[PDB]
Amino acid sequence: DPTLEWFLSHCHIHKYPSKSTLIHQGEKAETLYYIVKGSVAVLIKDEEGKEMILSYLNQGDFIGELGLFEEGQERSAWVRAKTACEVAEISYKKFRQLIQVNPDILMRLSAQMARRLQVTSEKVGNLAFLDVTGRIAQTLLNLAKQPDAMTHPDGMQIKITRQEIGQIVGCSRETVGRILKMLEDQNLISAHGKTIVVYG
């Protein structure tokens, strides 16, 4: 598109191999990122390193924007690269400037923020209102909306593990597995290895 392009013009594009961490919770935040290509996972952990996945971000989403509005802010979570990433990088100081010349770019960001607030709130509702089976069903549909989810004549297909799912819904891999098996006995999904087919 028009605007958003000009933005990348001041960002210092970089490359991050899969598994590499782009952001570390607790660091001083001074840089705003923009995933040009690839996808990352935003996650948090407890006092024992046990991790929960807050969200997946893909090509086109901004990253590390939370420290931009208040000074002296630290990174709110860890951002790990699920795949290989081509990430633009501009400093808050410079970004605040690009806003002046063209505020439409702040609007783009704010829209994405709004969306994350909606999703995160729904994630809170889920954690407080649904049992694991519910959270898992909802996450299966959600994963089916990701851009790296393939198509299937019976619906949609995703490639993910019972381990991962557990970190998204907040349960054990053992639990996920049992429920994944059950949902099969109801022909709601198709399970075999990292490959799961969600019937539409």
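Superpose the two forms; the largest set of C-alphas matching within 1.5 Å is the rigid core. The numbering used is simple: start at 1 and walk along the sequence shown.
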| item | value |
| --- | --- |
| Farther-lying stretch by C-alpha RMS in 5 other deposited structures of this protein, rigid core as reference, of 144-152 and 26-34 | 144-152 |
| Stretch departing more from the displayed form, 52-60 or 170-178, Cα RMS in 5 other deposited structures of this protein (core fit) | 170-178 |
| Mean temperature factor over C-alpha atoms, higher-scoring stretch between 97-105 and 113-121 | 97-105 |
| Stretch exceeding the other in mean C-alpha B-factor - 149-157, 30-38 | 149-157 |
| Third of the chain, ranked by Cα B-factor, where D131 sits | lowest |
| Modelled-residue ranking by C-alpha temperature factor, third containing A77 | lowest |
| CA B-factor ranking of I179, expressed as a third of its chain | lowest |
| Chain third (lowest, middle, highest) by recorded CA B-factor, residue given as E65 | lowest |
